[PDB]
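Asks: Let me begin by handing over the structure; questions about it come next.
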Amino acid sequence: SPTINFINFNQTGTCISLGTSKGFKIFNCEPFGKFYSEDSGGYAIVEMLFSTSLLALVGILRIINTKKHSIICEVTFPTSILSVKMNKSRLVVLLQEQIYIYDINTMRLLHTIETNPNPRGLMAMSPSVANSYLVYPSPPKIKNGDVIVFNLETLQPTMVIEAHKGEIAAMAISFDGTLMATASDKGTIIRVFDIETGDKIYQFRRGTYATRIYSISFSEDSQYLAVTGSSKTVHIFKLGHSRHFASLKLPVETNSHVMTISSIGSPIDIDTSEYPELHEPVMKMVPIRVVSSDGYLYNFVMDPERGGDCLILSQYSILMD
Amino acid sequence: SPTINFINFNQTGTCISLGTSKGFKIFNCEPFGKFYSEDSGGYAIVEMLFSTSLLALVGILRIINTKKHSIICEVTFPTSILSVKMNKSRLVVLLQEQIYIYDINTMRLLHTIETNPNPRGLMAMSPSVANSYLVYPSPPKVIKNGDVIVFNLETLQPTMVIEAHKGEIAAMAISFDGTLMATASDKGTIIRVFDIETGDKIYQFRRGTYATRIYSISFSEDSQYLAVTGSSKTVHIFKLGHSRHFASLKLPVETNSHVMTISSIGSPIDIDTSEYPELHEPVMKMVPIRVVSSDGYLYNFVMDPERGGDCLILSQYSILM
Amino acid sequence: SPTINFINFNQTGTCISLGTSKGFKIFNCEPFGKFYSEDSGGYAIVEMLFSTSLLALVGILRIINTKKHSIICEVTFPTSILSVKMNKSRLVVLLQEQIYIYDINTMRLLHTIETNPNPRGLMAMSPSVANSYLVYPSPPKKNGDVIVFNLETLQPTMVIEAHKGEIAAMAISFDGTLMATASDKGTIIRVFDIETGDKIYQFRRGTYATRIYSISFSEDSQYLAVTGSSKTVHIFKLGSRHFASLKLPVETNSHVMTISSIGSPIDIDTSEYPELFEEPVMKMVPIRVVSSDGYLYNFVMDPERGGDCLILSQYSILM
């Protein structure tokens, strides 16, 4: 089993990107299958658009169309790339002290921001062109958790958010580009700010003792927020409005030193006759897909009313098949 | 009489720097005199610190100590320099699209800012190290055209973004202590001053009757008054002790209308009313105002802080003679 | 996640020395971070001085400087190296039946002690050069005899009858004034004055058979920390019954070896931790526990109440 270095959903949560030490793979979610693969070499960053056969590959920057098996262009940078995010309008490249913004269509350089160092390569980017926003942390050279709200459409900053007292650990933007959620390096407080005005809307407490946070992600309908940390547990905070609404516990066999990213899908019908949820024949269950760095996928279901600990239905392997 | 290309006061308003097409000159204000001069060549930027025998010289960037007649350093830039400002802590050089910040002591480069093009070379520098702030305009790259970026020089991180005006910014000025910032649109009809730490607009002034260009803005030492000069050959004084201009400075009629005019406001001094029939106690405090124009003349005025109104002119010298 | 083979603090308790089957890493405690790492190979003992970019490497003996990336010297021994400890004056290598003493500056050999076998590789060093001592057990070839060896003049000073049974763990305070030992049954702690040899303190611990692994003093010697196999760490005050206790979370791997070290009191912010531990700042003595499974745990104790201590954080070494 080759070592994997990168896992990410697409901007809609219906696909899986992945990168190994020997190549990269592309899966699907509902009719699970391996759409694409390539045994080139070590890949560190594999980012995909809303399907559409467009990929960004960073070896351990090249953009490739997988349907045509051709290369659009290759871009070199003085320093190593730390993060890459896309929407159907702009292409963003982050280095440890520089942010590069490209037009996804014409691929010409548009802007460059000289920022204070970001060793963690943190970003959050709105995927919708109607509200194309970019946010990145602004540490000083107590004013540690300042985040710069940058508008990609006009290429100008909009406001400065005094998010947290300590360094920012993770940040995400809803699908429509309306909200933003950030967490400090202690991972004890989750705060949600409205990117339009900047006022803090929601503040959530995560866990008891300070533990690291890996990734934050909204639902497609912005109903729930998902956080994943070193506790081998995934919390879900309900944004329909403190304490997490419902929590996800991986099986005890899973190694505790695994990176976990998750995503929440649209509610769908499941059969209660087959599954003793403990009864109407069918009720709508919110699906959550959790993939771990060891190479497994987990499917949970969440009751929007009951919440609580979520049942697990199935489990796959992303390596091999 | 050689043509002059650049005039400005020092950060305290008690000295004069000037640049001709044949050299530069340095004057003094109260015991008027010519401290220094060199007929080297064309000079476009001659900026001085708080006396201290330190100068920035740009040919038609070199740092020269006038007392020692030596060269501290010499630095080149890819494009022409548009503005240079200093405090006793930082040195700022602005090109049309780039801002360079240098430490005044070590002279090593500290930061670089990539901004949207500023053909007008507009900035504002706080001269006090306690509140060292730099503000530069951020127009959209091709209504929100008058966006200005509040940048902190101490920590080298921006603090907030101020939506100053609807149209492009034409002039900026920061008080001596770095507390307030004043901005002027390209129409020169509305003068707005913002409190830099909070960001709220404190005062709003109407200037003149019809729209006309504004040359420069400058605060008093005690932030009591604000001086603006425009193409109407009239200088207005706005009282910040708290609309309409408090007092107006009318130059003599024989003066050419196409003259760049910069001004400064000094601390109140005792003047003898026996010599000057102000229209009476022997002495009364009157604020002295020095207005040097691009034709090469200095004009001394006095304002009565209670009466205000049209100001009397005491004397006129002639720079370059 | 490669397996680790050595985990230990520095002489001040403000760093983490850790060596894996693939390399070694050097961490920090309050501003947690990865100071250094090399993927060279299997390392059995990685010991560090008071920062100062000095390391000792034992393969699964070489002294390296991490700042200059150079090798000072390499020395071989007839048997496997069991333990290495350092201070600002002396370097000591312990083997199965021999103890080697080196000058940390010159690297010249100074003295060699012929001791009865030590299968556990037990020794303790005073880290201060003012009272540079070395203590090691002396089993008969009268079981818990500890030889107080003066590294300053290279001569033993006195012999203490510590315990009737085998000695399990020994430690010397930072100032080199006190010595603490624990028997093989791990129920009684004895603290001796290294100058005179009088028994000063006696502590009770381990109601059932839980072996004692490590003993450590605080910087001010106010507290004594003992870690055993029971997944619970006791704190004794040197001002009988234990003063405070540490309970690791149950989810942790039980097949682990845990050490600990107590630091100087610091201030913690209440606003950072909304759920647990909720005066914006309080003085709480920090306790750092690292286990072989690869996790660093931080606990805090109230200097007056004591009791069971909260856990502020749990960071992940090797990542």
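Each chain in the structure tokens gets a letter, A, B and so on, in the order shown; residues start at 1 in every chain, and ligands are counted from 1 in the order they appear.
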Give me, as a ChimeraX atom specification, the residues of chain A touching chain B, with the criterion being at most 9 Å (counting only C-alpha atoms).
Replies: /A:111-116,138-141,146,148,154-161
Asks: For region 182-284 of chain B against region 25-44 of chain B, with a cut-off of 12 Å and counting only C-alpha atoms, what is the closest atom pair and its distance in Å to one decimal for every residue that makes the cut, ordered by chain and number, as JSON lines?
Replies:
{"residue": "B:264", "atom": "CA", "partner": "B:29", "partner_atom": "CA", "distance": 10.9}
{"residue": "B:265", "atom": "CA", "partner": "B:29", "partner_atom": "CA", "distance": 11.7}
{"residue": "B:266", "atom": "CA", "partner": "B:29", "partner_atom": "CA", "distance": 10.2}
{"residue": "B:267", "atom": "CA", "partner": "B:30", "partner_atom": "CA", "distance": 11.6}
{"residue": "B:269", "atom": "CA", "partner": "B:30", "partner_atom": "CA", "distance": 11.1}
Asks: Please save N, CA, C and O atoms of the selected residues as a PDB file, in the first residue's frame.
Replies:
ATOM      1  N   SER B 264       1.380  75.669   5.719  1.00  0.00           N
ATOM      2  CA  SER B 264       1.655  75.054   7.008  1.00  0.00           C
ATOM      3  C   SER B 264       1.122  75.971   8.094  1.00  0.00           C
ATOM      4  O   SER B 264       1.034  77.183   7.898  1.00  0.00           O
ATOM      5  N   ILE B 265       0.767  75.389   9.232  1.00  0.00           N
ATOM      6  CA  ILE B 265       0.235  76.143  10.364  1.00  0.00           C
ATOM      7  C   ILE B 265       1.180  75.968  11.544  1.00  0.00           C
ATOM      8  O   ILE B 265       1.541  74.839  11.901  1.00  0.00           O
ATOM      9  N   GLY B 266       1.584  77.082  12.150  1.00  0.00           N
ATOM     10  CA  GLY B 266       2.480  77.060  13.284  1.00  0.00           C
ATOM     11  C   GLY B 266       1.765  77.340  14.598  1.00  0.00           C
ATOM     12  O   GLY B 266       0.590  77.690  14.639  1.00  0.00           O
ATOM     13  N   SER B 267       2.512  77.171  15.683  1.00  0.00           N
ATOM     14  CA  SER B 267       1.962  77.402  17.007  1.00  0.00           C
ATOM     15  C   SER B 267       1.698  78.892  17.219  1.00  0.00           C
ATOM     16  O   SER B 267       2.410  79.740  16.676  1.00  0.00           O
ATOM     17  N   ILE B 269       1.714  82.639  18.468  1.00  0.00           N
ATOM     18  CA  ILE B 269       2.795  83.483  18.958  1.00  0.00           C
ATOM     19  C   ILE B 269       2.229  84.854  19.300  1.00  0.00           C
ATOM     20  O   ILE B 269       1.123  85.218  18.894  1.00  0.00           O
TER      21      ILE B 269
END
Asks: Could you pull out the strand (DSSP E or B) residues of region 24-212 of chain A from DSSP and send them as a short mmCIF file (atom, residue, chain, number, x, y, z; two decimals) with N, CA, C and O atoms, in the first residue's frame?
Replies:
data_model
loop_
_atom_site.label_atom_id
_atom_site.label_comp_id
_atom_site.auth_asym_id
_atom_site.auth_seq_id
_atom_site.Cartn_x
_atom_site.Cartn_y
_atom_site.Cartn_z
N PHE A 24 -1.66 9.71 -8.61
CA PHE A 24 -2.88 10.28 -8.07
C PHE A 24 -4.08 9.51 -8.60
O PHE A 24 -4.00 8.83 -9.63
N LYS A 25 -5.19 9.61 -7.88
CA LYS A 25 -6.40 8.88 -8.20
C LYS A 25 -7.59 9.82 -8.07
O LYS A 25 -7.55 10.80 -7.34
N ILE A 26 -8.66 9.51 -8.81
CA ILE A 26 -9.89 10.29 -8.76
C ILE A 26 -11.05 9.31 -8.63
O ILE A 26 -11.22 8.43 -9.49
N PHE A 27 -11.85 9.46 -7.59
CA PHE A 27 -12.97 8.58 -7.34
C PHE A 27 -14.28 9.33 -7.54
O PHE A 27 -14.31 10.47 -8.00
N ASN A 28 -15.38 8.67 -7.21
CA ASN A 28 -16.70 9.28 -7.20
C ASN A 28 -17.39 8.82 -5.92
O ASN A 28 -16.89 7.96 -5.20
N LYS A 34 -13.69 4.43 -9.86
CA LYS A 34 -12.40 5.07 -10.12
C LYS A 34 -12.43 5.67 -11.52
O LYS A 34 -12.15 5.01 -12.52
N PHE A 35 -12.78 6.96 -11.58
CA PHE A 35 -12.84 7.64 -12.87
C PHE A 35 -11.48 7.77 -13.54
O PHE A 35 -11.37 7.60 -14.75
N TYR A 36 -10.44 8.08 -12.77
CA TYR A 36 -9.14 8.31 -13.39
C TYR A 36 -8.03 7.92 -12.43
O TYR A 36 -8.23 7.84 -11.22
N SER A 37 -6.86 7.66 -13.01
CA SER A 37 -5.65 7.35 -12.26
C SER A 37 -4.45 7.64 -13.15
O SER A 37 -4.60 7.77 -14.36
N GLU A 38 -3.28 7.73 -12.53
CA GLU A 38 -2.06 7.98 -13.28
C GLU A 38 -0.86 7.65 -12.42
O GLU A 38 -0.72 8.18 -11.32
N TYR A 43 2.96 12.86 -5.83
CA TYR A 43 2.12 14.04 -5.98
C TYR A 43 1.74 14.57 -4.60
O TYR A 43 1.28 13.82 -3.74
N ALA A 44 1.93 15.87 -4.41
CA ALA A 44 1.67 16.50 -3.12
C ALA A 44 0.33 17.23 -3.07
O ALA A 44 -0.33 17.19 -2.03
N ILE A 45 -0.07 17.88 -4.16
CA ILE A 45 -1.35 18.60 -4.19
C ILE A 45 -2.11 18.23 -5.46
O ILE A 45 -1.59 18.38 -6.57
N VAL A 46 -3.33 17.74 -5.29
CA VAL A 46 -4.21 17.41 -6.41
C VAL A 46 -5.55 18.10 -6.18
O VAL A 46 -6.33 17.68 -5.33
N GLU A 47 -5.81 19.15 -6.96
CA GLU A 47 -7.02 19.95 -6.81
C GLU A 47 -7.84 19.84 -8.08
O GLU A 47 -7.28 19.82 -9.19
N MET A 48 -9.16 19.77 -7.93
CA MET A 48 -10.07 19.58 -9.05
C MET A 48 -11.17 20.62 -9.00
O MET A 48 -11.53 21.10 -7.92
N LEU A 55 -7.60 19.59 -13.63
CA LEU A 55 -6.84 19.18 -12.46
C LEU A 55 -5.61 20.04 -12.30
O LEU A 55 -5.02 20.51 -13.28
N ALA A 56 -5.20 20.24 -11.05
CA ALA A 56 -3.94 20.88 -10.71
C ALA A 56 -3.09 19.89 -9.93
O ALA A 56 -3.53 19.37 -8.90
N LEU A 57 -1.87 19.65 -10.41
CA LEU A 57 -0.99 18.64 -9.81
C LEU A 57 0.31 19.30 -9.38
O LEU A 57 0.95 20.00 -10.17
N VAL A 58 0.69 19.08 -8.13
CA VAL A 58 1.96 19.56 -7.59
C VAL A 58 2.75 18.34 -7.14
O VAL A 58 2.30 17.57 -6.30
N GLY A 59 3.95 18.18 -7.71
CA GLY A 59 4.79 17.06 -7.33
C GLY A 59 5.32 17.21 -5.91
O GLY A 59 5.40 18.30 -5.35
N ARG A 62 1.41 22.27 -12.39
CA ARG A 62 0.99 21.76 -13.68
C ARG A 62 -0.51 21.54 -13.67
O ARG A 62 -1.05 20.93 -12.73
N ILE A 63 -1.20 22.04 -14.69
CA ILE A 63 -2.64 21.89 -14.84
C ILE A 63 -2.90 20.99 -16.04
O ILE A 63 -2.29 21.17 -17.10
N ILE A 64 -3.76 19.99 -15.86
CA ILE A 64 -3.98 18.95 -16.86
C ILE A 64 -5.47 18.71 -17.03
O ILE A 64 -6.24 18.71 -16.07
N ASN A 65 -5.88 18.52 -18.29
CA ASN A 65 -7.22 18.09 -18.63
C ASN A 65 -7.18 16.57 -18.81
O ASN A 65 -6.49 16.07 -19.70
N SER A 70 -4.23 15.97 -22.09
CA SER A 70 -3.31 17.01 -22.53
C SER A 70 -2.94 17.92 -21.37
O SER A 70 -3.51 17.85 -20.28
N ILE A 71 -1.97 18.80 -21.62
CA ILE A 71 -1.46 19.73 -20.63
C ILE A 71 -1.85 21.13 -21.07
O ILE A 71 -1.54 21.54 -22.20
N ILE A 72 -2.53 21.87 -20.19
CA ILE A 72 -2.86 23.26 -20.50
C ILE A 72 -1.62 24.14 -20.38
O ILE A 72 -1.20 24.78 -21.36
N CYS A 73 -1.02 24.18 -19.20
CA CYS A 73 0.18 24.98 -18.99
C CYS A 73 0.88 24.49 -17.73
O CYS A 73 0.30 23.76 -16.92
N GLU A 74 2.13 24.91 -17.57
CA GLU A 74 2.88 24.64 -16.36
C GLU A 74 3.46 25.95 -15.84
O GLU A 74 3.98 26.75 -16.61
N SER A 83 -0.60 25.53 -0.99
CA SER A 83 -2.02 25.27 -1.17
C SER A 83 -2.46 25.82 -2.52
O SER A 83 -1.88 26.79 -3.03
N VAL A 84 -3.48 25.19 -3.09
CA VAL A 84 -4.08 25.60 -4.35
C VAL A 84 -5.58 25.38 -4.26
O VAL A 84 -6.02 24.28 -3.91
N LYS A 85 -6.36 26.41 -4.56
CA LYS A 85 -7.81 26.30 -4.57
C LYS A 85 -8.34 26.98 -5.83
O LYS A 85 -7.72 27.88 -6.39
N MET A 86 -9.51 26.52 -6.27
CA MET A 86 -10.07 26.97 -7.54
C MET A 86 -11.55 27.26 -7.41
O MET A 86 -12.23 26.70 -6.54
N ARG A 90 -11.40 31.88 -11.01
CA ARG A 90 -10.05 32.27 -10.60
C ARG A 90 -9.26 31.05 -10.15
O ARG A 90 -9.82 30.04 -9.70
N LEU A 91 -7.94 31.16 -10.27
CA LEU A 91 -7.00 30.15 -9.81
C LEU A 91 -6.03 30.81 -8.83
O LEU A 91 -5.44 31.85 -9.14
N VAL A 92 -5.87 30.20 -7.66
CA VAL A 92 -5.11 30.81 -6.57
C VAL A 92 -3.98 29.88 -6.17
O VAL A 92 -4.20 28.69 -5.93
N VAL A 93 -2.77 30.42 -6.09
CA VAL A 93 -1.58 29.69 -5.67
C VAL A 93 -1.00 30.39 -4.45
O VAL A 93 -0.77 31.60 -4.47
N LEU A 94 -0.74 29.62 -3.39
CA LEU A 94 -0.18 30.15 -2.15
C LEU A 94 1.23 29.62 -1.97
O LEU A 94 1.46 28.41 -2.02
N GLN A 98 3.79 34.41 -0.22
CA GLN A 98 3.22 35.06 -1.39
C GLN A 98 1.95 34.32 -1.81
O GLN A 98 1.86 33.10 -1.70
N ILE A 99 0.98 35.09 -2.31
CA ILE A 99 -0.25 34.56 -2.86
C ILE A 99 -0.35 35.01 -4.31
O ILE A 99 -0.24 36.20 -4.60
N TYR A 100 -0.55 34.06 -5.22
CA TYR A 100 -0.69 34.33 -6.64
C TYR A 100 -2.12 34.03 -7.07
O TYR A 100 -2.68 33.00 -6.68
N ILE A 101 -2.71 34.93 -7.85
CA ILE A 101 -4.08 34.78 -8.32
C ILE A 101 -4.06 34.76 -9.85
O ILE A 101 -3.51 35.68 -10.47
N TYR A 102 -4.65 33.73 -10.44
CA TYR A 102 -4.73 33.58 -11.88
C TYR A 102 -6.18 33.51 -12.32
O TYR A 102 -7.05 33.06 -11.56
N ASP A 103 -6.44 33.96 -13.54
CA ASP A 103 -7.74 33.77 -14.17
C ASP A 103 -7.79 32.35 -14.71
O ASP A 103 -6.88 31.93 -15.44
N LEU A 109 -1.64 36.14 -15.39
CA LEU A 109 -1.49 36.62 -14.02
C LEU A 109 -2.28 37.90 -13.81
O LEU A 109 -2.28 38.80 -14.66
N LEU A 110 -2.97 37.99 -12.67
CA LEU A 110 -3.82 39.14 -12.37
C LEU A 110 -3.36 39.93 -11.16
O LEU A 110 -3.42 41.16 -11.19
N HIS A 111 -2.91 39.27 -10.10
CA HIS A 111 -2.58 39.97 -8.87
C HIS A 111 -1.56 39.15 -8.09
O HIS A 111 -1.39 37.95 -8.34
N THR A 112 -0.89 39.81 -7.16
CA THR A 112 0.06 39.17 -6.27
C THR A 112 0.04 39.90 -4.94
O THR A 112 0.13 41.13 -4.91
N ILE A 113 -0.08 39.15 -3.85
CA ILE A 113 -0.16 39.73 -2.51
C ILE A 113 1.06 39.28 -1.72
O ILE A 113 1.33 38.08 -1.61
N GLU A 114 1.81 40.24 -1.18
CA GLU A 114 2.93 39.96 -0.30
C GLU A 114 2.41 39.89 1.13
O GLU A 114 2.05 40.91 1.72
N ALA A 124 -9.02 29.92 2.56
CA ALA A 124 -10.41 29.59 2.31
C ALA A 124 -10.88 30.44 1.14
O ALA A 124 -10.63 31.64 1.10
N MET A 125 -11.55 29.81 0.18
CA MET A 125 -11.93 30.47 -1.06
C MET A 125 -13.38 30.16 -1.41
O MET A 125 -13.78 28.99 -1.43
N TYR A 133 -14.83 35.45 -3.09
CA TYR A 133 -14.05 36.03 -2.00
C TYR A 133 -12.87 35.14 -1.67
O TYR A 133 -12.91 33.92 -1.89
N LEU A 134 -11.81 35.75 -1.15
CA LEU A 134 -10.62 35.04 -0.69
C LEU A 134 -10.23 35.57 0.68
O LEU A 134 -10.24 36.78 0.90
N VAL A 135 -9.90 34.67 1.60
CA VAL A 135 -9.48 35.05 2.95
C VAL A 135 -8.21 34.30 3.29
O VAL A 135 -8.08 33.11 2.98
N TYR A 136 -7.27 34.99 3.93
CA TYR A 136 -5.99 34.41 4.32
C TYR A 136 -5.54 35.06 5.61
O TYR A 136 -5.91 36.21 5.88
N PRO A 137 -4.77 34.36 6.44
CA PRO A 137 -4.36 34.93 7.73
C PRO A 137 -3.31 36.02 7.55
O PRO A 137 -2.54 36.02 6.59
N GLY A 145 -4.44 36.68 15.29
CA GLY A 145 -5.46 36.02 14.50
C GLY A 145 -6.20 36.95 13.57
O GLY A 145 -7.43 36.86 13.45
N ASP A 146 -5.49 37.86 12.92
CA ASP A 146 -6.11 38.73 11.94
C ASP A 146 -6.18 38.06 10.58
O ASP A 146 -5.20 37.47 10.10
N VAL A 147 -7.35 38.16 9.95
CA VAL A 147 -7.60 37.54 8.65
C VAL A 147 -7.99 38.63 7.67
O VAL A 147 -8.82 39.49 7.98
N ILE A 148 -7.38 38.60 6.49
CA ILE A 148 -7.61 39.60 5.45
C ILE A 148 -8.68 39.09 4.50
O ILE A 148 -8.49 38.06 3.84
N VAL A 149 -9.79 39.81 4.42
CA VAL A 149 -10.89 39.48 3.51
C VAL A 149 -10.58 40.13 2.17
O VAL A 149 -10.63 41.37 2.05
N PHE A 150 -10.27 39.32 1.17
CA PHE A 150 -9.82 39.79 -0.13
C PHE A 150 -10.84 39.42 -1.18
O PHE A 150 -11.20 38.25 -1.32
N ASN A 151 -11.32 40.41 -1.93
CA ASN A 151 -12.30 40.19 -2.98
C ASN A 151 -11.57 39.89 -4.28
O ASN A 151 -10.78 40.71 -4.76
N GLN A 156 -9.21 43.61 -4.62
CA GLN A 156 -8.95 44.58 -3.56
C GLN A 156 -9.42 43.99 -2.24
O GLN A 156 -10.43 43.28 -2.23
N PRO A 157 -8.70 44.22 -1.15
CA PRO A 157 -9.21 43.79 0.16
C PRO A 157 -10.47 44.54 0.53
O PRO A 157 -10.66 45.70 0.16
N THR A 158 -11.35 43.85 1.26
CA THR A 158 -12.63 44.43 1.66
C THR A 158 -12.65 44.86 3.12
O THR A 158 -13.11 45.97 3.42
N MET A 159 -12.17 44.02 4.03
CA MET A 159 -12.14 44.36 5.45
C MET A 159 -11.09 43.48 6.12
O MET A 159 -10.57 42.54 5.51
N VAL A 160 -10.79 43.81 7.37
CA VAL A 160 -9.87 43.04 8.19
C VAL A 160 -10.65 42.50 9.38
O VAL A 160 -11.32 43.26 10.08
N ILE A 161 -10.56 41.19 9.60
CA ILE A 161 -11.30 40.52 10.66
C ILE A 161 -10.36 40.23 11.82
O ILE A 161 -9.34 39.56 11.65
N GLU A 162 -10.71 40.74 13.00
CA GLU A 162 -9.97 40.46 14.23
C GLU A 162 -10.52 39.17 14.82
O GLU A 162 -11.27 39.16 15.80
N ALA A 163 -10.14 38.06 14.20
CA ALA A 163 -10.80 36.79 14.49
C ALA A 163 -10.45 36.27 15.88
O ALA A 163 -11.33 36.13 16.74
N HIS A 164 -9.17 35.99 16.13
CA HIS A 164 -8.77 35.29 17.34
C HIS A 164 -7.53 35.94 17.94
O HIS A 164 -6.81 36.70 17.28
N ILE A 168 -4.33 31.49 13.70
CA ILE A 168 -5.44 30.78 13.09
C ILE A 168 -4.96 29.40 12.64
O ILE A 168 -3.86 29.24 12.11
N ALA A 169 -5.80 28.38 12.87
CA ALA A 169 -5.46 27.01 12.53
C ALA A 169 -6.19 26.46 11.32
O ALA A 169 -5.63 25.63 10.60
N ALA A 170 -7.43 26.89 11.07
CA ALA A 170 -8.19 26.39 9.93
C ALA A 170 -9.31 27.36 9.61
O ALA A 170 -9.85 28.02 10.50
N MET A 171 -9.66 27.44 8.33
CA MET A 171 -10.67 28.38 7.86
C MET A 171 -11.38 27.80 6.64
O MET A 171 -10.79 27.08 5.84
N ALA A 172 -12.67 28.13 6.52
CA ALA A 172 -13.50 27.64 5.43
C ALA A 172 -14.58 28.66 5.10
O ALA A 172 -14.97 29.47 5.95
N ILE A 173 -15.08 28.61 3.87
CA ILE A 173 -16.13 29.49 3.37
C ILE A 173 -17.27 28.64 2.84
O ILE A 173 -17.04 27.61 2.20
N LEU A 179 -20.55 33.11 4.37
CA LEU A 179 -20.03 32.97 5.72
C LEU A 179 -18.57 32.54 5.71
O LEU A 179 -18.02 32.15 4.68
N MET A 180 -17.95 32.65 6.88
CA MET A 180 -16.58 32.19 7.10
C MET A 180 -16.47 31.67 8.53
O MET A 180 -17.02 32.26 9.46
N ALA A 181 -15.75 30.56 8.69
CA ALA A 181 -15.52 29.97 10.00
C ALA A 181 -14.03 29.73 10.20
O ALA A 181 -13.36 29.16 9.34
N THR A 182 -13.51 30.16 11.36
CA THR A 182 -12.10 30.06 11.66
C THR A 182 -11.92 29.45 13.04
O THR A 182 -12.82 29.48 13.88
N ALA A 183 -10.73 28.88 13.27
CA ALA A 183 -10.39 28.30 14.55
C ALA A 183 -8.92 28.55 14.85
O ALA A 183 -8.08 28.50 13.95
N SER A 184 -8.62 28.80 16.12
CA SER A 184 -7.27 29.08 16.56
C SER A 184 -6.50 27.77 16.71
O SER A 184 -7.05 26.68 16.60
N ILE A 189 -12.28 27.04 20.41
CA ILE A 189 -13.38 27.92 20.05
C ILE A 189 -13.49 27.96 18.54
O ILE A 189 -12.51 28.25 17.84
N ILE A 190 -14.69 27.69 18.03
CA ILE A 190 -15.01 27.83 16.61
C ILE A 190 -15.90 29.06 16.46
O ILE A 190 -16.98 29.13 17.07
N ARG A 191 -15.46 30.01 15.65
CA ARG A 191 -16.19 31.25 15.43
C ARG A 191 -16.57 31.38 13.97
O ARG A 191 -15.81 30.99 13.08
N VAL A 192 -17.76 31.93 13.72
CA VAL A 192 -18.29 32.11 12.38
C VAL A 192 -18.56 33.59 12.17
O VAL A 192 -19.33 34.20 12.93
N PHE A 193 -17.95 34.17 11.14
CA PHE A 193 -18.15 35.57 10.80
C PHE A 193 -18.85 35.68 9.45
O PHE A 193 -18.64 34.86 8.55
N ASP A 194 -19.67 36.72 9.33
CA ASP A 194 -20.33 37.03 8.07
C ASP A 194 -19.39 37.89 7.23
O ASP A 194 -19.03 39.00 7.63
N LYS A 200 -19.41 38.84 13.99
CA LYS A 200 -19.42 37.45 14.41
C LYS A 200 -20.86 36.98 14.61
O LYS A 200 -21.62 37.60 15.36
N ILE A 201 -21.23 35.89 13.94
CA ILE A 201 -22.60 35.41 13.98
C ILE A 201 -22.73 34.26 14.96
O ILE A 201 -23.60 34.27 15.84
N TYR A 202 -21.85 33.26 14.83
CA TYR A 202 -21.91 32.08 15.67
C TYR A 202 -20.55 31.82 16.30
O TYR A 202 -19.51 32.06 15.69
N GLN A 203 -20.58 31.30 17.53
CA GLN A 203 -19.37 30.90 18.24
C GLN A 203 -19.62 29.54 18.87
O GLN A 203 -20.51 29.39 19.71
N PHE A 204 -18.83 28.55 18.47
CA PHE A 204 -18.97 27.19 18.95
C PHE A 204 -17.76 26.77 19.77
O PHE A 204 -16.62 27.12 19.45
N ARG A 205 -18.02 26.01 20.82
CA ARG A 205 -16.98 25.38 21.63
C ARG A 205 -16.76 23.96 21.14
O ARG A 205 -17.71 23.19 20.99
N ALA A 210 -7.47 21.59 24.72
CA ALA A 210 -6.98 22.09 23.45
C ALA A 210 -6.32 20.98 22.64
O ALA A 210 -5.32 20.41 23.07
#
Asks: Pick out the closest residue to chain C from this set: A:314, A:79, A:256, A:5. Count only C-alpha atoms.
Replies: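 Selected residue with least distance to chain C: A:256.
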Asks: Give as a PyMOL selection string every residue of chain C that touches chain A within 10 Å, counting only C-alpha atoms.
Replies: chain C and resi 1+251-253+271-278+293-295+298+310-319
Asks: May I have the residues within 9 Å of residue 50 (chain B) as a PyMOL selection string, using only C-alpha atoms and disregarding those fewer than 3 positions away in the same chain?
Replies: chain B and resi 10-12+15+53-54+87-88
Asks: Grab the CA of residue 133 (chain C) to CA of residue 146 (chain C) distance for me, in Å with one decimal place.
Replies: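 Pair CA of residue 133 (chain C) / CA of residue 146 (chain C) returns 12.1 Å.
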